[PDB]
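Listed below are the residues making up each chain.
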Amino acid sequence: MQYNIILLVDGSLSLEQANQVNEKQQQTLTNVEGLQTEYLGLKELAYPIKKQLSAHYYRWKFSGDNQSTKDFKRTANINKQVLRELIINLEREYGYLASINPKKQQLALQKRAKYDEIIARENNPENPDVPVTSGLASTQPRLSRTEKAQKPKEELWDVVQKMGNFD
Amino acid sequence: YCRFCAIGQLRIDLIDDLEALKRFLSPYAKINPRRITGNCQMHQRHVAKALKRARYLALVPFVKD
Amino acid sequence: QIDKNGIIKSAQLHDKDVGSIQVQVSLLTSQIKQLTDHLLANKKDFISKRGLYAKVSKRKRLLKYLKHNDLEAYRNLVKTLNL
Amino acid sequence: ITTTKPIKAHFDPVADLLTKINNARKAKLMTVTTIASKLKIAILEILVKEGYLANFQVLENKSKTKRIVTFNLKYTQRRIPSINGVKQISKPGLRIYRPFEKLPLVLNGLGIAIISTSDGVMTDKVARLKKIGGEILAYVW
RNA sequence: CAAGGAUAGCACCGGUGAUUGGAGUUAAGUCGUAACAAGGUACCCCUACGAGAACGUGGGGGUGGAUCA
RNA sequence: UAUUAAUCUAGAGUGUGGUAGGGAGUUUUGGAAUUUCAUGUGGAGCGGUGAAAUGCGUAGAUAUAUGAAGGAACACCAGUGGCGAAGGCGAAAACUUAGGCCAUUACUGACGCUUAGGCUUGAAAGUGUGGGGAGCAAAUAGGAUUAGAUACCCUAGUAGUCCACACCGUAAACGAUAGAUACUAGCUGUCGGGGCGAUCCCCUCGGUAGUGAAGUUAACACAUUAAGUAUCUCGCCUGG
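Residues numbered from 1 in each chain as written, not as in the entry; some residues may be left out. Chains lettered and ligands numbered in written order. Part of a larger assembly, values for the part shown. Heavy atoms only, no water.

This entry lists cryo-EM as its structure determination method and reports a resolution of 13.6 Å.

For chain D, the name recorded in the PDB entry is 30S ribosomal protein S8, with Mycoplasma pneumoniae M129 as its organism. The title given to this PDB entry is "70S ribosome with A/P- and P/E-site tRNAs in spectinomycin-treated Mycoplasma pneumoniae cells". Listed in UniProt under the heading Function, the comment for chain D reads: "One of the primary rRNA binding proteins, it binds directly to 16S rRNA central domain where it helps coordinate assembly of the platform of the 30S subunit." Annotation of chain D in UniProt includes, under Sequence similarities, the sentence "Belongs to the universal ribosomal protein uS8 family." (UniProt positions renumbered as here; feature names shortened; annotations may be inferred.)

If you check the PDB entry, chain C appears there as 30S ribosomal protein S15 from Mycoplasma pneumoniae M129. In its Subunit section, UniProt records this for chain C: "Part of the 30S ribosomal subunit. Forms a bridge to the 50S subunit in the 70S ribosome, contacting the 23S rRNA." Among the UniProt annotations of chain C, the heading Sequence similarities holds the following wording: "Belongs to the universal ribosomal protein uS15 family."

Spelled out as structure tokens, the structure:
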């Protein structure tokens, strides 16, 4: 199925040769292909592994047989041209949706209001707004109604009343 | 706290969101609990798994520098 | 999710069914075969074992009730295929 | 007029009705609903005619084939329930059968007993007049 | 065909013994008080190893525990 | 009450959409640790409890740095948190699988409860096998208080341990509480979704700690997160 792969190439090396060897490593996927030729540019490893003070970052997004990415996890991680093969799919805690996209107006609103950049408004980033209307769209309702009204007798004033005039 | 809970996506993944990671991660390369990060509970596990991957990914060190 | 839309829509016991006895037991047995293959491939999976026992016994009591409940609405899947 | 969370099929209507009545007596509830049951309709009607029960109404949803029945457990306007306690003689696992010769009074004769004898439900006292026995379902007062 | 009956491997029930372990039973014998104190070791259960023993002890499980918000 | 033909769908799930989670069988790497070995240094100590000693070191020990490596498991991630048949679940990743949760105006027509019998797993300790043993480690050897220190203190130290096959079957496996059905005030909040709605506040349903009235009770105290009320079955206890 859908597969995004974050690549960790070995040590410090040229960008293009690493791109080519990462393509060769993606070839280890039997049919998980349709890659878009792109990369994340240069990003160094924040800590030396034992002599690797830096590396290069590449992203490969494509789709294919889900069973046939385990062999990639073997080959990329074993062969000394990829160190980490990070895979994205549903087994990792998922939340994606192809129809929840119409919520990026909230994205613009939060980018505006993650920190209030105007002197007039300096509200905390964790304070309410309250245009509230309380939409539900999920109730599990049943429309029970009365059709036969027998024995007219109801209980509405069920609060006690006692102890009349006392001397 | 995370922008993801403020937009609506119900999941995150390591798309090099390191900036917000630095808000959740102390300069000591250790993951602060849910209190500091500010996620509710779901984006909390999302950023937890992302930080653990970054540890594996060498995006963030375990402790070694 | 092995099968969710295959057998309950391609097979109609009555005029129309979205969930019934025999469509459920057919899907249940399809998942039974899938899970038996899975546990033969990986022998240390016991949650599947308990789920399979629950599924097959629920199917058996489904058929038992449907014996008297309807004249004949169960003679399509009362058997097992694992030999 | 359902309370909330419409009642599903219990093991037996009388047990669910008993739970509803005890909860109404305990947690200050007045009107309670139960699953559709002809015997429930009959017992509610006879309790109304007995004077210990308030309004009872059958209820239907968007459709008419399914049904339920609600009723106000008779409360006076000073927070007192007309029904103070119930007991079941016949049980789903043991339907005790008591012929006409086996119809005594209710703990002094003050209470009311109910039997499912031949058709509908009859009070044990009036069942003794028609020399009718049967399986006694409940004692109430 | 009968009551009754033997030669050789088994089979069923009852009883019993050299000696021996545990249970109950001696104001008061005798190793330390392990444990009850957080019995100074918070405790206990399973399980494993030994000291004459309480018991410890290796791992896991539990609150039937202490200052304490 | 078992029920017939049809049944009614309000359940069992199930058509479908959204759907969160440390759920799990399976398979991968990465971090480094650890101690060593090639490498050199260097001068004088290490071990430790209440105090020391047992026990190590110039023939170079402490410590040292990279190279290389064995078994071994992954600081934090860890919550009015969730997923959990129990036992539990967190360096990650994914195959697969399971359980869901919310909603479906829906279907077989209630098609399900417990469990004789049968099936399954089962924390952990440990066992034969083959291999490995990095590390600690009982039993303890030695040593410290000691009237005894056998328990508690320190070092040397193997069974053990560890990987898989086969055997493990118990735990204070608990919720000191086997379940399933149906019902029952609330609240601070919060979690998953349906969500209008920067996030929100705010809710709908299930969940997550407490709460206190009915109710419950020998009292502890529980209370809609009952030790509350009724229906059905398996397990148990009749004083020690």
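A. Local environment of the layout of surface pockets. Computed from the structure, the largest pocket encloses a volume of approximately 700 Å³. If you go around the largest pocket, you meet 18 residues; those closest to its centre are A:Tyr3, A:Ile87, A:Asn89, A:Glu91 and A:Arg92. Contributions of two or more residues to the lining of the largest pocket are made by α2 (70–78) of chain A together with α4 (42–57) of chain B. A total of four residues in the lining of the largest pocket trace back to one element, the largest contributor, which is α4(B). A per-class count over the lining of the largest pocket returns six nonpolar, four polar and eight charged. In this structure, the second largest pocket encloses a volume near 500 Å³. Lining of the second largest pocket is provided by 18 residues; of these, A:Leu109, A:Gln110, A:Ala113, A:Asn127 and B:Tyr1 occupy positions nearest its centre. The set of elements that each furnish at least two residues to the lining of the second largest pocket consists of α3 (104–113) of chain A together with α1 (4–7) of chain B. Sorting elements by how many residues they give to the lining of the second largest pocket places α3(A) first, with five residues. (1 Å grid on protein atoms, 1.4 Å probe; cavity = no way out; pocket = protein on both sides within 12 Å on 5 of 7 lines; lining within 4 Å. Points joined across faces, edges and corners; volume = space filled by probe spheres on them. Helix = DSSP H or I, 4+ residues; strand = E, 2+ residues; numbered from the N terminus. Nonpolar A, V, L, I, M, F, W, Y, C, P; charged D, E, K, R; others polar.)

B. A look at helix α2 (residues 21–41) of chain C. Residue and element names in this part refer to chain C. Relative to the 30 Å expected for 21 residues at 1.5 Å per residue, α2 spans 30 Å between its end C-alpha atoms, a close match to the ideal helical length. Every buried residue of α2 is accounted for by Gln22, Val23, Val25, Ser26, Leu27, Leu28, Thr29, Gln31, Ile32, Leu35, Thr36 and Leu39. Its buried side turned inward, α2 meets α1 (7–10) and α3 (46–69). (Expected span 1.5 Å × (residues − 1). Buried < 20%, exposed > 50% of the residue type's maximum accessible area, 1.4 Å probe, protein only. Contact = heavy atoms within 4.5 Å.)

C. Region of the structure containing the side chain of D:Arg98. All names here are of chain D. Residue placement: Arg98 occurs in the loop between β6 (86–88) and β7 (112–116). Buried charge without a salt bridge: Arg98, with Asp124 as the nearest opposite-charge side chain at an N-O distance of 6.3 Å. A polar side-chain atom of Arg98 sits 3.4 Å from the main-chain carbonyl oxygen of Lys102. Only 2.6 Å separates the side chain of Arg98 from the side chain of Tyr139, close enough to count as a polar contact. When residues no more than four places from it in sequence are discounted, the contact partners of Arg98 are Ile89, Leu103, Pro104, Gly133, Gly134, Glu135, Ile136 and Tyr139. (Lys, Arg positive; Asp, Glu negative; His and termini not counted. Salt bridge = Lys/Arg side-chain N within 4 Å of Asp/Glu carboxyl O. Polar contact = N/O pair within 3.5 Å; in protein donor to acceptor, adjacent residues only side chain to side chain.)

D. Broad picture of the protein's contact with RNA strand F. In the vicinity of RNA strand F there are 138 residues, among which A:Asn89, B:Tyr1, B:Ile31, D:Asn22 and D:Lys26 approach most closely. At 2.6 Å, a side-chain N or O of D:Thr65 approaches a sugar or linking oxygen of RNA strand F. No other element matches the 14 residues that α3(C) contributes to the surface near RNA strand F. (Near = heavy atom within 4 Å.)

E. Examining the interface of chain B and chain A more closely. Opposite the 28 residues of chain B that make contact, chain A presents 35 residues. For the chain B and chain A pair, buried surface summed over both sides reaches about 2,700 Å², with 53% attributable to carbon and sulfur atoms. Our count for the chain B to chain A interface comes out at zero salt bridges. For the interface between chain B and chain A, the tally reads nine residue pairs in polar contact. Broken down by secondary-structure element, the contributors of at least two residues to the side of chain B that touches chain A are α1 and α4 of chain B. If you tally residues by element for the side of chain B that touches chain A, the top one is α4(B), at eight residues. By residue class, the composition of the side of chain B that touches chain A is 15 nonpolar, three polar and 10 charged. (Buried area = accessible area lost by both parts, 1.4 Å probe.)

F. Broad picture of the pattern of salt bridges. Tallied over the entire structure, the rule returns 16 salt bridges over all chains. Here A:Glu117 and A:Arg112 are joined by a salt bridge, their closest N and O atoms 2.8 Å apart. For the salt bridge of B:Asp13 with B:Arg11, the shortest nitrogen-to-oxygen distance reads 3.1 Å. Since its relative accessible area comes to 7%, B:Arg11 is described here as buried. What emerges from the salt-bridge pattern is a single network uniting A:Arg112, A:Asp116, A:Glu117 and A:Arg121.

G. Seen up close, the nonpolar core. Core analysis: the largest hydrophobic core is formed by 38 residues, its most contacted members being A:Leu7, A:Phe62, B:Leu14 and B:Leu57. Listed by contribution, the elements that provide at least two residues to this core are β1 (2–8), β2 (57–63) and α2 of chain A together with α1, α2 (18–24) and α4 of chain B. Dropping the residues within four chain positions of it, A:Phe62 is found in contact with A:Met1, A:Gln2, A:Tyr3, A:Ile5, A:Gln26, A:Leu29, A:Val32, A:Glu33, A:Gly34 and A:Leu35. Counting 21 residues, the second-largest nonpolar core is a separate cluster that includes D:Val58, D:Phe71, D:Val121 and D:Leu137. (Core = buried A, V, L, I, M, F, W, Y, C linked by side-chain atoms within 4.5 Å.)

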